[PDB]
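Colleague: fold the following for me, if possible:
(chains A and B)
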Amino acid sequence: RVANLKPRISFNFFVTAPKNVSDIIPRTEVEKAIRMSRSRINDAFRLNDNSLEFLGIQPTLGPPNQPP
Amino acid sequence: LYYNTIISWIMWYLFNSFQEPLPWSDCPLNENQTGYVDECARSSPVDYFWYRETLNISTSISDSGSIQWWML
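Modeller: Numbers count the residues shown, from 1 in each chain, chains lettered A, B, ... in the order given. Take a look at the structure below.
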């Protein structure tokens, strides 16, 4: 569901059940659902997770191991 | 005497050269594979790498800490 469409590519959204629309998906599982496939969607629009802002979901990755 | 102490750190940072992500450029992480430690959060990553990296630091002059054996 799309609400408050902003030409600035910003809007608050939520998802429901498909057609048990009396009930919606609880957000607490959606937070881990995005963090699983967060890497999938930025390259689906050539973006960098600083153009995928979620305000509650942030990337928690990147330990470097350059030296042998 | 004590110029060669400074001169050794010129070579020490020269040993820390040669590389893609220069070591003072970035922060070390925390223990949770996430964002950074507090003194690299509260101040720049160029300094933090000085009070632990260049040398482990002490608070005062009256307390002698680690010997920095590889810096020796």
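Colleague: where does residue 39 sit, in terms of helix or strand?
Modeller: If you meant another chain, say so; for now it's chain A. Using DSSP states H and E, residue A:39 falls within helix A:38-41.
Colleague: I was after chain B.
Modeller: Going by DSSP H and E, residue B:39 is part of helix B:38-42.
Colleague: list the buried residues for that helix?
Modeller: Going by neighbour count (16 or more other CB atoms under 10 Å in any protein chain shown), the buried part of helix B:38-42 is residue B:40. Where you see a C-beta, it was placed from the backbone N, CA and C, and this is true even at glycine.
Colleague: distance between the longest helix anywhere in chain B and the chain's centre?
Modeller: Once chain B is assigned using DSSP state H, the helix that runs over the most residues is helix B:2-15. Distance of helix B:2-15 from its chain centroid, counting by CA atoms, centre = their mean, to the nearest Å, is 13 Å.
Colleague: stretch A:46-54 now?
Modeller: Centroid displacement of stretch A:46-54 relative to its chain, using CA atoms, centre = their mean, is 9 Å.
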